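Report on the structure
These are the residues of each chain, in order.
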Amino acid sequence: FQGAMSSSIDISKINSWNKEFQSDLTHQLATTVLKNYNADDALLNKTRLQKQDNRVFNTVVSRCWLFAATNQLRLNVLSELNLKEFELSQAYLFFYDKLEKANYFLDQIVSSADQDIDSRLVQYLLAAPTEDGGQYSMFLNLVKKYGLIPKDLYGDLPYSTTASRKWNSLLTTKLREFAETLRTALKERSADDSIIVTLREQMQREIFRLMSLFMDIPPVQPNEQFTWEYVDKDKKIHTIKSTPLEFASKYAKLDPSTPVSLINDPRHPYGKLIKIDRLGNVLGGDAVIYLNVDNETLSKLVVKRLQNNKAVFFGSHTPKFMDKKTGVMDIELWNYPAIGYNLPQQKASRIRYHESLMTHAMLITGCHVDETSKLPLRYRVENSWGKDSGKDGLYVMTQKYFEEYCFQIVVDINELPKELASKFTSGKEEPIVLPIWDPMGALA
Amino acid sequence: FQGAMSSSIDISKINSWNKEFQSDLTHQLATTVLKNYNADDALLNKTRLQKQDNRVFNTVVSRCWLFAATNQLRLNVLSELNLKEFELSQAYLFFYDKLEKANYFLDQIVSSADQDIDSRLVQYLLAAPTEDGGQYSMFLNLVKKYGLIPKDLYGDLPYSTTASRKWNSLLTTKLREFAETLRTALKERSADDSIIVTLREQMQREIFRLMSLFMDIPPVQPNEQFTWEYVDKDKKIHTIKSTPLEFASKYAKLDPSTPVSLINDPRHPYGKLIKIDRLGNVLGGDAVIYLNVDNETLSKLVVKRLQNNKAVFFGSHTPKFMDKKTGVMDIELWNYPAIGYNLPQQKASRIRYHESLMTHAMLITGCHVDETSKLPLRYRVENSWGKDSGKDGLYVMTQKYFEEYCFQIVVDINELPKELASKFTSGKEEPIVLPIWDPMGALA
Amino acid sequence: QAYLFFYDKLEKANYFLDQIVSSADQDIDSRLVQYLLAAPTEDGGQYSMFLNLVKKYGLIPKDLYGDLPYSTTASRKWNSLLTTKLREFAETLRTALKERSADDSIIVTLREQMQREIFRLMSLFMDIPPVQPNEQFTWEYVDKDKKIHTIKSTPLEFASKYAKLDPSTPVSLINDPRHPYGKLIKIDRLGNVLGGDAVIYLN
């Protein structure tokens with residue numbers, strides 16, 4: 001009884017505390033202002049903004065996850081064909097990513113059919129099976145099977161390509177129906193039973209049928225040739241005949257063997273591979289695997305990749321401490337300490353306690369290294385939100401933001417020091433395996 | 001030298017003071033917020049608003065200066081003719097007020113021709129001769145000569161009736177030309193000289209000509225009959241044949257002999273008449289005269305007039321401490337003391353030091369008297385700014401706002417105590433005469 | 001509504017601290033603890049949660065406490081700031097509980113400081129209501145006849161004498177075909193006021 005009483009909200013206490021807080025001048029100012037405006041708008045610190053909004057960078061390159069993953073490849077074609085402007089088709093990868101995830105889910109349901117419907121995994125599988133977000137391994141899974149094509153051949157014409165929510169909800173309701181049909185059939189039968197095999201094919205058919213109402217299947221198969229007419233930056237006209245698979249290697253120069261993801265996940269020891277269980281899109285494709293490293297190592301890899309003249313795919317917790325209007329990512333940009341609001345929970349604990357996670361993929365296209373003999377101070381970041389977000393879509397991010405609210409970067413294995421590259425090439429590493437619902441997961 | 005040095009802005013001092021202010025928590029919060037939002041929007045105190053925005057009043061009646069002055073008369077017709085809706089023509093009074101002021105100015109220039117062009121009075125006369133604002137005596141001057149007519153016969157149709165700025169500027173430029181022509185002619189001649197008389201008539205002609213381009217002269221002369229057809233609240237139709245002068249007395253019930261203005265001007269002794277020199281519109285009309293009284297007397301007169309079921313014309317300093325969005329007039333509604341901004345200058349000194357003045361006329365249509373045996377706590381106020389201002393055009397004003405930022409009320413002489421009424425009827429009172437540019441002047 | 005909203009949120013924030021102390025034996029990544037951490041101060045409720053609030057706080061006319069503050073109509077930023085603090089607090093409590101027992105004076109003190117801090121933060125975005133539940137307020141109003149009146153009453157008396165609420169009469173029925181009809185269904189832990197009534201439905 002005494003414990004419960006002490007644990008209750010006591011009216012005398014809150015009113016006495018209220019009297020104490022209202023005797024403080026800062027508190028009085030604070031409640032006046034904060035009953036009038038959103039705390040981020042009221043506390044944005046322009047004195048700090050003046051110092052941090054610095055767009056000078058001494059080290060620059062010369063569905064967001066899809067735009068970020070394909071940007072380099074896009075530049076490779078631009079360069080390879082002497083083009084003024086060029087865009088790879090994101091819709092192409094989007095259509096196959098969704099079809100594959102829908103198909104992957106059916107297999108995830110068959111393999112978890114031994115668990116109760118209300119189990120943690122099965123409920124999780126049912127929550128959002130056809131969401132739009134992905135990881136870099138999911139992107140490579142798609143390019144290896146489907147290749148790439150110019151946007152001119154398959155653009156963002158359909159309603160659902162830019163407003164996918166209604167389409168996903170219709171597919172998802174059907175998939176939830178299907179899960180029950182499959183689990184119900186599996187009680188009587190074995191999964192390799194011909195009735196189950198047939199049932200599953202009919203579901204694939206139905207998923208595809210429904211998908212084709214909202215987006216057309218791409219115009220050519222992966223090993224099928226398309227013809228593409230374009231104009232180079234000189235006004236000259238040309239025609240390329242190629243297949244999507246050949247286009248991705250011969251013109252976009254993608255070598256799927258080189259990209260590797262490093263991550264700063266302080267919940268775990270550095271030097272270990274981390275694998276997210278079940279997270280995937282193409283049945284039988286590669287897993288989401290990251291090599292855990294410290295931030296110093298992570299920052300150095302970014303700088304080195306930029307020196308090779310290549311942007312850097314990275315995942316972070318958008319929009320934590322991100323000011324969209326000014327395009328600044330700085331954890332001290334808002335004056336929360338002036339209202340006594342401080343946040344001591346550290347990165348590992350923020351991840352474990354449901355406070356921070358990867359939510360969004362972007363590109364680091366430059367950085368500023370302290371001119372003397374030091375390290376990076378701020379990075380230039382680019383998004384796929386139109387030139388009207390940030391500064392023409394351009395953001396500046398502090399070294400401290402990168403350390404605290406960024407996690408993953410992707411680089412080519414040859415840019416890694418031998419001791420790290422071998423973690424991927426030796427076959428000796430046993431990864432730390434995390435649940436499918438881990439915070440270090442898919443990116444929008 | 002030491003004095004000038006001490007009187008200069010010293011860079012070390014301001015930077016040292018800046019260091020001191022930034023060590024204070026409240027100041028740090030304050031500059032963050034105040035570089036982001038207008039101080040009135042940031043400091044508006046919702047805790048205070050919750051208590052003061054009280055629209056319950058136990059004592060209620062059952063060109064703004066023109067709307068305020070004519071409201072009662074409008075109600076008198078509504079009542080007299082059993083009408084559902086009714087409006088007096090403000091445009092009618094507006095056209096004659098402007099024509100008369102333009103004419104008054106020519107006489108003001110002839111009578112000040114002995115002074116240098118750069119004298120305080122003559123420059124003042126030239127600053128804004130045809131402004132729209134007036135006083136209650138100026139309204140009575142107009143009604144005595146022109147009477148009143150229903151809005152149905154002469155409405156706010158012309159552009160200039162609702163956007164008078166361009167029209168006033170064109171008339172004013174001509175009047176400034178005229179002033180020079182008159183003063184130049186007066187150097188050679190006497191004012192009663194036939195050349196001056198003729199010159200002045202041609203100027204009146206030209207002013208009228210120019211005025212008639214922007215507004216029509218009213219359709220009937222003051223002693224000329226108009227015919228007015230209307231529908232009563234019962235859907236019944238009627239026709240009134242009357243002149244504007246007869247309409248103002250027989251139907252609007254105006255008795256120009258009864259209205260008197262009281263004022264709380266603490267620069268001067270109470271019990272004295274105050275007269276604003278030269279302030280006028282109709283040549284030879286009545287002067288702006290007020291009987292100076294204390295606020296207790298002023299508040300009592302308002303309450304008593306409301307008990308007689310009649311609204312109260314009053315002049316105040318709009319928009320000091322007036323929140324247009326919520327419709328509240330309360331000098332403590334914004335939390336300026338929380339940023340250490342306090343204002344000790346008292347009313348008499350605020351007037352003398354160019355800080356407060358009468359700028360706007362409105363109507364008090366009700367008040368709340370402390371139910372027991374006390375005095376008024378708040379007043380209900382109505383404006384001519386559309387139902388979209390304040391609360392449908394309705395404002396609530398505190399007793400303290402009335403005491404500090406209101407000055408003048410107008411009442412009927414019979415509502416005054418004998419000792420005060422006699423200040424107007426005895427012929428014994430010598431008024432305190434103030435300059436034409438006095439702050440206790442014309443109202444918008 | 002703001003009146004009930006302010007106390008619902010303060011109570012849920014407080015309830016969460018107790019939910020974290022009582023689940024401290026479970027791993028941080030357990031299904032319950034992650035669930036507790038997902039959205040501790042969300043705006044939604046149930047009818048039993050409403051009765052829990054009225055029984056302790058009563059009711060008052062909107063004229064005395066309206067939807068004036070920014071957060072009353074755009075609560076998302078406020079909830080996120082409180083929630084980030086509550087996630088910090090959960091760790092501080094679970095970390096302290098490894099060494100100590102929950103009834104340990106250090107834990108009792110820690111928990112009080114958290115309540116204080118939650119309240120402090122809440123008071124920046126909404127004022128605590130102007131009168132306590134058993135405290136009288138004065139309310140002036142106009143009836144449909146233009147007549148004026150003044151009521152002196154407390155929030156608790158107002159809820160019964162004028163709003164006529166008898167908390168003993170409301171019951172929730174539900175059509176949940178996952179379960180047999182005729183059975184009571186109780187949602188474990190779902191609540192707002194520590195020690196209040198549970199969400200129960202008759203199927």
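Throughout, residue numbers begin from 1 within each chain and advance along the sequence as written. They need not agree with those in the entry, and any residue without coordinates is left out. Chains carry letters and ligands carry numbers; both start at the beginning, A for chains and 1 for ligands, and go up in the order they are written. Part of a larger assembly is shown here, and the values speak for that part only. Note that water and hydrogens are dropped before the side-chain values are worked out from all heavy atoms of the structure. Residues with missing side-chain atoms are left out of burial classes, side-chain pairs and their counts.

Time to look at the overall build of chain C. In terms of regular secondary structure, chain C is built from 7 helices and 4 strands. Where helices and strands are cited, they refer to DSSP runs of H or I of at least four residues and of E of at least two residues respectively, numbered from the N terminus. Start at the N end of chain C and walk to the C end: the helices and strands fall as α-α-α-α-α-α-β-β-α-β-β. Dimensions of chain C, computed from the C-alpha atoms along their principal axes, are close to 65 × 45 × 30 Å. We call a residue buried when its accessible area falls under 20% of the maximum for its residue type, exposed when it is over 50%, and partly exposed in between, using a 1.4 Å probe and counting protein chains only. When each of the 203 residues of chain C is scored for burial, the buried share is 51%. Accessible surface for chain C amounts to roughly 10200 Å². Of this, 52% is attributable to carbon and sulfur atoms. Here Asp and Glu are counted as negative and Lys and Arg as positive; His is not counted, and neither are the chain ends. By convention, the point assigned to a charge is CZ for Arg, NZ for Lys, CD for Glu and CG for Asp. One way to put it: in chain C the 26 positive side-chain charges average out to a point 4 Å from where the 27 negative ones average out. Computed with the Shrake-Rupley method and a 1.4 Å probe, the accessible areas treat only the protein chains shown as cover for residues.

On a plain count of helices and strands, chain A comes out with 17 helices and 14 strands. Taken over the C-alpha atoms alone, chain A extends approximately 75 × 65 × 50 Å along its principal axes.

So, about the relation of the copies chain A and chain B. Structural alignment of chain A on chain B gives an RMSD of 0.0 Å, achieved by rotating through 180° and translating 0.0 Å along the axis. The two molecules are tied by a two-fold rotation axis, judged by turn and shift. The position closest to the rotation axis in chain A is occupied by the C-alpha of A:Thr26, lying 2.3 Å away. Note on contacts: a residue pair qualifies if any of its non-hydrogen atoms lie within 4.5 Å across the two residues. Both copies present the same face, since 100% of the interface residues in chain A are matched by interface residues at the equivalent positions in chain B. All copies sit on top of one another after a least-squares fit of their C-alpha atoms.

Moving on to the nonpolar core. Definition of nonpolar core: a set of buried residues of the types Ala, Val, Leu, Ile, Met, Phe, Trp, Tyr and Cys, connected through side-chain atoms within 4.5 Å. If you look at the biggest cluster of nonpolar residues, it comprises 157 residues, and the most contacted ones within it are A:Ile364, A:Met397, A:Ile409, B:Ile364, B:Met397 and B:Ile409. What A:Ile364 contacts, discounting residues up to four positions off in sequence, is A:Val302, A:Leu306, A:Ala311, A:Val312, A:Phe314, A:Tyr379, A:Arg380, A:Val381, A:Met397 and A:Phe402. Ranked by size, the runner-up nonpolar core spans 82 residues in total, among them A:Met203, A:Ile207, A:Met211 and A:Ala252.

All names here are of chain B. Here a pair means two rings of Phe, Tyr or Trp (six-membered ring of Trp) with centres within 6.5 Å. Their orientation is stacked below 30 degrees between planes, edge-to-face above 60, and tilted elsewhere. Counted by the stated rule, this structure contains 58 aromatic pairs over all chains. Aromatic pair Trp228 and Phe247: ring centres 6.0 Å apart, planes at 85°, arrangement edge-to-face. Of the two residues, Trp228 is situated in strand β2 (residues 226-231) and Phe247 in helix α13 (residues 244-251); the sequence distance between them amounts to 19 residues. Under the relative-accessibility criterion, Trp228 is labelled buried at 2%. Taking the relative accessible area as the measure of exposure, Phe247 reaches 0% and is therefore buried.

Before going further, it helps to spend a moment on the pairing of strand β13 (residues 406-412) of chain B. All names here are of chain B. For β13, a buried count of 7 out of 7 residues is recorded, marking the element as mostly surrounded by other parts of the structure. Strands are labelled as partners when DSSP assigns at least two bridges between them. Sheet topology places strand β4 (residues 259-263) next to β13; 5 bridges connect them, and they run antiparallel. Note on β13: the bridge partner recorded for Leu262 is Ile409. As defined by bridge partners, strand β7 (residues 312-316) adjoins β13 across 3 bridges and the pair is classed as antiparallel. Note on β13: the bridge partner recorded for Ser316 is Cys406.

On the chain B side, the residues contacting the 20 residues of chain A number 20 residues. Two parts placed together each lose some accessible area under a 1.4 Å probe, and adding up what both lose gives the buried area. When the two sides are added together, the surface that chain A and chain B hide from each other amounts to roughly 1800 Å², 57% of it contributed by carbon and sulfur. What makes a salt bridge here is a side-chain nitrogen of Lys or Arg within 4 Å of a carboxyl oxygen of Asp or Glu, nothing more. Where chain A packs against chain B, one counts 0 salt bridges. Each polar contact in these results corresponds to two N or O atoms within 3.5 Å; when the atoms are within protein, one needs to be able to donate a hydrogen and the other to accept it, and residues that are neighboring in sequence are counted only if both atoms are side-chain atoms. Where chain A touches chain B, the interface holds 13 residue pairs in polar contact. Breaking the side of chain A that touches chain B down by element, the ones donating at least two residues are α3 (25-34), α4 (39-43) and α5 (46-52) of chain A. For the side of chain A that touches chain B, the element with the most residues is α3(A), which contributes 7 residues. Classes in brief: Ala, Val, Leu, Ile, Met, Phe, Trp, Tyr, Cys and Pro nonpolar; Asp, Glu, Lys and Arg charged; the others, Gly included, polar. Its residues placed into classes, the side of chain A that touches chain B shows 10 nonpolar, 7 polar and 3 charged.

Turning our eyes to something else, we now look at the pattern of salt bridges. If charged atoms from side chains of opposite charge come close, those side chains can pair. All chains considered together, the criterion is met by 62 salt bridges over all chains. Its salt-bridge partner being A:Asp107, residue A:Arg200 comes within 3.2 Å of it at the nearest N-O pair. Highlighted residues: A:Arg200 in helix α12 (residues 194-214) and A:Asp107 in helix α7 (residues 90-111), separated in sequence by 93 residues. Between C:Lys9 and C:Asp43 there is a salt bridge, with the nearest N and O atoms lying 3.0 Å from each other. Within this pair, whereas C:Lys9 is found in helix α1 (residues 2-22), its partner C:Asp43 is found in the loop between α2 (31-38) and α3 (47-57), the two being separated by 34 residues in sequence.

With that settled, the discussion passes to the interface of chain A and chain C. Contacts between the two partners involve 41 residues from chain A, matched on the other side by 44 residues from chain C. Among the residues forming the side of chain A that touches chain C, the class breakdown is 16 nonpolar, 16 polar and 9 charged.

Before going further, it helps to examine α7(A). For α7(A), with 22 residues, the first-to-last C-alpha span of 31 Å sits near the 32 Å given by 1.5 Å per residue. Here α7(A) lies mainly inside the structure; 20 of its 22 residues are buried. Residue count minus one, scaled by 1.5 Å, sets the expected span of a helix.

A few words now on the environment of C:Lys144. When you line up the elements, C:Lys144 lands in the loop between β1 (137-142) and β2 (148-153). Separated by 81 residues in the primary sequence, C:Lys144 and C:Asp63 place their C-alpha atoms 16 Å from one another.

Residue and element names in this part refer to chain A. Those residues of helix α17 (residues 418-425) that fall on the buried side of the exposure criterion are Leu420, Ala421 and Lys423. For α17, the angular spread of the buried residues around the axis is 145°, confining them to a single face. Residues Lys418, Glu419 and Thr425 are exposed on α17 and point more than 90 degrees away from its buried face. Where α17 is buried, its residues meet β5 (273-276), β6 (288-292) and α14 (295-307). Backbone geometry just after α17 places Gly427 at a positive phi near 70°. The arc in question is traced by the directions running from the helix axis to the C-beta atoms.

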